Structures are given as structure tokens and as C-alpha cells.
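Right, one structure below, let's go through it.
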Amino acid sequence: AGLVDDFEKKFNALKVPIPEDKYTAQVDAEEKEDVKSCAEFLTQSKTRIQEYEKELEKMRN
Amino acid sequence: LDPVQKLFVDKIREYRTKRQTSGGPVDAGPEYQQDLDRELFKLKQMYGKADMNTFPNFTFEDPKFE
């Protein structure tokens, strides 16, 4: 029961680290194809939408 | 009945005679050990030779992503 108690104290004491992971660059592999969404077509689209919808009114006249 | 439980007795007095002799391959001859070693080794097989007498340690690990 020295074994039991050894392992008992060890088990009572035994507290795992947590896992490994590594793809928290995906957080930022996001931000790139997070600005693509933004820049490319955020801005393009507002720009484009402006002239067009505005472009509705004047040629609606 | 205690010719009956004389014999419950009579074996139980060798409950004590042998138990307070020793018991094992003892009061009893070598025979027990000659198996014993192998049979407790089978127990080592019954757990695998993973030492059933060393505190184990545990996995720190990662599955795959991109």
C-alpha cells in the first residue's frame, strides 16, 4: 500500500499540463483574407455603389 | 455437530497452525513458488509489462490543422 499511497499522493497531486497547438497563426491568416474582404471589396464596393446608385437618380431623370 | 465442526475446527486449527507456521510454499513445500513466479509473471502479461509499480506519466499532444 506504499505503492497505492505513493500513486495516491501522486494522483492527488497529479495535474496535467494542457495540449499543444500551433495554428494561432490562423488568427492572422485570417487578418490578410480579413483585409481582402475589407480593402478589395469593402472600398471597391462602396465606391462602385456610390456612382451606380447615384447613377440611378440622374439617368432616372 | 463439532466432529463436523471439529473438522471445520480441524482444518481451522491448521488455519492457525499453518497461518502461524507461514503458508505459501511453506507448510506446503516448494511447489507454490515454482508456479508462483510464472503465475505472477502472467499477471505482468495480464497488464502488459508496463510496470504496474511505477507511477505513470501522461501525454502532451497536438492534432493537425493549417
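Starting from 1 in every chain, residues are counted up; chains themselves are A, B, ... following the order of the C-alpha cells, and ligands are numbered from 1 as listed.
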I need the chain B residues near chain A as a list in words; criterion: at most 7 Å, counting only C-alpha atoms. residues 53, 55, 60, 61, 62, 65 and 66 of chain B
Identify, on the basis of only C-alpha atoms, every residue whose closest approach to residue B:27 does not exceed 12 Å; exclude the query and any residue fewer than 3 positions from it along the same chain; express the result as an MDAnalysis selection string.
chainID B and resid 14:24 30:32
